[PDB]
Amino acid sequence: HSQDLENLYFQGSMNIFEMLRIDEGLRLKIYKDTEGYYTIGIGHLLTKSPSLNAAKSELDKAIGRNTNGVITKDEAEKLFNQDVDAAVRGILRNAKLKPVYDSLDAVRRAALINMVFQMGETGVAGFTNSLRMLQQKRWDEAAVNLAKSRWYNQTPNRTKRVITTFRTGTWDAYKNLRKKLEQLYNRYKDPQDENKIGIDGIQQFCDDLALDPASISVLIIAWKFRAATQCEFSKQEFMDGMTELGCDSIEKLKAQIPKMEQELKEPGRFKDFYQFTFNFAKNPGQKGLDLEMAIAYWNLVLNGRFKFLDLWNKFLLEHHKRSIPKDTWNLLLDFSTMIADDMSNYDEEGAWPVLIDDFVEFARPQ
């Protein structure tokens, strides 16, 4: 089969896919990109349809099996290699890029392809002088010139690695990045399970970031790392998150935290964070969230936002209810958003959870 990765075994193990895995990141489950479109792998758009089922159909078609929206790294590489072939075809039809591309060795061609993936042909073609320097093998001068650009300002850590690749014609920047992340991960990993960071390592990570593990900032970090569960931090989560956040050190991650916090002010992002909290907090083996844990996280995330939070605590402390289902968790935010200061506009026919109907009856008097 034409796309089999065995057909590439004569290449080096480092390649354009591994390069973009470091610079852009790899996602193995369907997700919505910036513009809200279903995507997988390394930036592989599946469809503009709002239908997840449509996206899954395209994915199942491309992979040759029932993926249910989840793929392996090798499958992502096959999709990516198709995308690279198309990008190279475009480069080769581009009168300004073709001569540069043709002149470069394989490693530096990967650096040029990386640029095209990030900014498109027009963007890359605008680097007239730097492209000429590359064609003339004036590597140090090209590197100096590229570092002066807006590209460098937009993504300095990625751009520095791509520039190093042009300067040296080696994969050194990527080997170094990988080692730095491995060595940092190793500071936190569970000594009995190299696949995750346990409670002790999470505490150490918080200590290194000078944050209280019970702070909202630490939950915000977990949200940005798309962490599955509060009780562990997987190697994959750690690597994907450091990649997505453009950080290869604790100092860089620390500097990123206020930027993460600011995102909560953008449209829909607090809701996304609030909904994330339920799955993160709950025991993986349970469908619902134990009431006591729900109360603790509600107090962390809603204090100062939900004007009836103290009354909600009073109500629940009387309650028996063992646990909270996802829909009830989600709808409390909607309730908080719509409710009048005196609860006078509650719609009992709005199909709110019974828990919220009961709360309104309890609270109105107070």
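Just so we're on the same page, rigid core means the largest C-alpha set that superposes within 1.5 Å between forms. For every residue, the number given is its place in the sequence shown, counted from 1.
Using the rigid core as the fitting frame, the root mean square C-alpha deviation in 5 other deposited structures of this protein is greater for 17 to 25 than for the other of 17 to 25 and 346 to 354. Once the structures in 5 other deposited structures of this protein are superposed via the core, the pair 226 to 234 and 263 to 271 is resolved in favour of 263 to 271 as the more displaced stretch (C-alpha RMS).
Figure legend: residue 322 is marked as unmodelled in at least a third of the other comparable entries of the protein. Mean CA B-factor, 259 to 267 versus 241 to 249: the higher value falls on 259 to 267.
Here the stretch with the larger average CA B-factor, out of 135 to 143 and 218 to 226, is 135 to 143.
Between the residues 290, 85, 232, 74, it is 290 that shows the highest Cα B-factor in the PDB record. In this structure the maximum Cα B-factor among 120, 201, 90, 191 is found at 191. For residue 343, the recorded CA B-factor ranks within the highest third of the chain. Only modelled residues enter the ranking. Sorting the modelled residues of the chain by their CA temperature factor places residue 31 in the highest third.
Among all modelled residues in this chain, the alpha-carbon of residue 330 has a temperature factor (C-alpha) in the lowest third. Per-chain ranking of the deposited C-alpha B factor places residue 297 in the lowest third.
Residue 350: CA B factor lies in the highest third for its chain, per the PDB record.
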